[PDB]
Ligand SMILES: N[C@@H](Cc1cc(I)c(Oc2cc(I)c(O)c(I)c2)c(I)c1)C(=O)O
Ligand SMILES: N[C@@H](Cc1cc(I)c(Oc2cc(I)c(O)c(I)c2)c(I)c1)C(=O)O
Ligand SMILES: N[C@@H](Cc1cc(I)c(Oc2cc(I)c(O)c(I)c2)c(I)c1)C(=O)O
Ligand SMILES: N[C@@H](Cc1cc(I)c(Oc2cc(I)c(O)c(I)c2)c(I)c1)C(=O)O
């Protein structure tokens, strides 16, 4: 029996959580309760197989069971076409209502009256809005959510204790989903082979002391864990993830020195810990990569006799000695190396041919460095808000076809690069910046993949996972774009508009700035400033009220 094997490893509590998460990811539209009913049934059934390893249907597969319950065009098929149906049906942007939070005491009451249904609510919601969220990590968030309500619903002030923490979680939560969506995307649109090269780079950076073999052993388990979590096998993923966390801690001494504090904590806490670890200290006297990848006369022989490994070795050896490079940059060099050999090992005298392959990297390394240097200066010079507006404008001209809600969303997140990385010294900027920009651009890609409207976005998105940032950065203003004509419906007054927080106002204002640019593509920074300002003064005056709607309607219709 499989269902029992898992229940035994994960425990009862977690098993219920993963099964719940597992259903909410497959059926994002069904109600909370319905799911609960499917979980409890599955939970009991397991308990029998735990007792009777030979009971009825215990020999089944997690996909058939989970599959059957969910069935009580996708179901009218069978394993595994049936499964690949649910996976292919996951919605990255469901039409689900805005998840707002009621009055502090309101929640606090419901948290006490029933603590279990409260959390399952949490997991349900978060899981349905993020059908790719890293299951194991979600358990980590759940426990931190629980801790918040148990310590804040019992103090002098609550909305001063809780809210501040609920903020930091939704934020860290959004980063987690993002980060993971890139992983699932990599595996899917490019295959695991692609995912392995990737994994070899970050790991060789965090664990410079580890031997190449050790790194491969982890990249293999790691590739298996994420394949499962991304494919929908959440139970096995958590089991595998925990086994690996154990492995890492046991061999801790042949991997990284930073794994100490991490390895002395509860399962959930050490997994998250290992996942966020900082780079270990790089070894001192390391031979020059040149010696073995350029000067040796057995390069081509090694490429031929074992390309996949030789390359692995190369990436690992370059990555470990360059913590200051972004993962994507390292893959670009890795690709350049493969192409230069592929060509050179056929030519007359190979050695001469690829003797200058390091020369071909220089260009690829400064392109990233300069951009990060420029937008960081700009960041200090303009502040987060004005900086995003600068991006808003820049990217709206590159891809005007894209929907406004999306351009605002992405651009803001692109803008967050400045404050999230610029405070770091040069050595830590690029890997913080460019790897982050890759996540954000992937959100653009997955959203855009639903209802495509720009072949430029589709090109930059599907042509190469590693070149995405450079590709987008290279785009020139789309001249084939056709000025969007004035609608006005976009500016229909709404009471709330006058009683908005600073964040809300900034969003409303950036939304307007995108519509402006879409309408007048040939506008200049100066005149955009003018139309913005005038209209800004307009909204501020009309809010001073009297009969607002009239003001905004009367004066508005005029504008
Ligand atoms: N910027 C990249 C770099 C990075 C990638 C991987 I792959 C990795 O290895 C793990 C190990 C475990 I255990 C996890 O639960 C996870 I998630 C990743 C680590 I450490 C760092 C990222 O963080 O995505
Ligand atoms: N006044 C500057 C021009 C400049 C404008 C922007 I807006 C900018 O910020 C980005 C961020 C990303 I991410 C991109 O892909 C791109 I293209 C530009 C940068 I850096 C430089 C100069 O002349 O130096
Ligand atoms: N129609 C929306 C409400 C809405 C009204 C306006 I008027 C508006 O336009 C601006 C322009 C600037 I410049 C501002 O600084 C601000 I605040 C609002 C926007 I965007 C949205 C709805 O029905 O939800
Ligand atoms: N008078 C023209 C129509 C027109 C109305 C407005 I109001 C306007 O100003 C803005 C300001 C912002 I901010 C926007 O996002 C947008 I879209 C338009 C402009 I320029 C033109 C006609 O009837 O031909």
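What to note about this one:
- Label point distance in nm, residue 345-residue 289, each placed 7 Å from Cα along Cα→Cβ: 1.8
- Cα centroid separation, the stretch 229-266 to the stretch 149-208 (Å): 16
- Using the Cβ-Cβ distance between residue 366 and residue 453 with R0 set to 35 Å, the FRET efficiency from 1/(1 + (r/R0)^6) comes to roughly 0.55.
- Model label zone, residue 214; criterion: amide N under 12 Å from point 7 Å along Cα-to-beta-carbon; scope the stretch 282-312: 283
- Residues 36, 365, 200 arranged by fewest to most Cβ contacts within 10 Å: 365, 36, 200
- Legend: calculated FRET efficiency, residue 253 to residue 522, from the Cβ-Cβ distance at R0 = 41 Å, rounded to 0.05, equals 0.05.
- Estimated inter-spin distance, residue 8 and residue 84, nm [label 7 Å along Cα→Cβ]: 3.3
- Cβ-based exposure ranking for 183, 520, in which fewest neighbours within 10 Å come first: 520, 183
- Cβ-based exposure ranking for 89, 63, 494, in which fewest neighbours within 10 Å come first: 494, 89, 63
- With the simple spin-label model, which puts each label point 7 Å out from Cα in the Cβ direction, the residue 476 to residue 426 separation comes to 3.1 nm.
- Shape call, the chain: gyration tensor on alpha carbons, a/c limit 1.5: oblate
- Peptides 241-247, 123-129, 111-117 ranked from most to least packed give 123-129, 241-247, 111-117, packing being the mean of other C-beta atoms within 10 angstrom over each peptide's residues.
- The smallest convex shape that holds all Cα atoms of the stretch 281-366, its convex hull, gives 97 Å³ per residue.
- Counted residue by residue at 0.36 nm each, then reduced by the alpha carbon distance between them, the extension gain from residue 106 to residue 146 reaches 12.8 nm.
- By average C-beta atoms within 10 angstrom, highest first, the peptides 10-23, 186-199, 39-52, 158-171: 10-23, 186-199, 39-52, 158-171
Bear in mind these aren't lab numbers, they're just calculated from the coordinates by the rules spelled out. Positions of Cβ are backbone-derived with ideal geometry, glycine not excepted, and every protein chain shown enters the neighbour counts.
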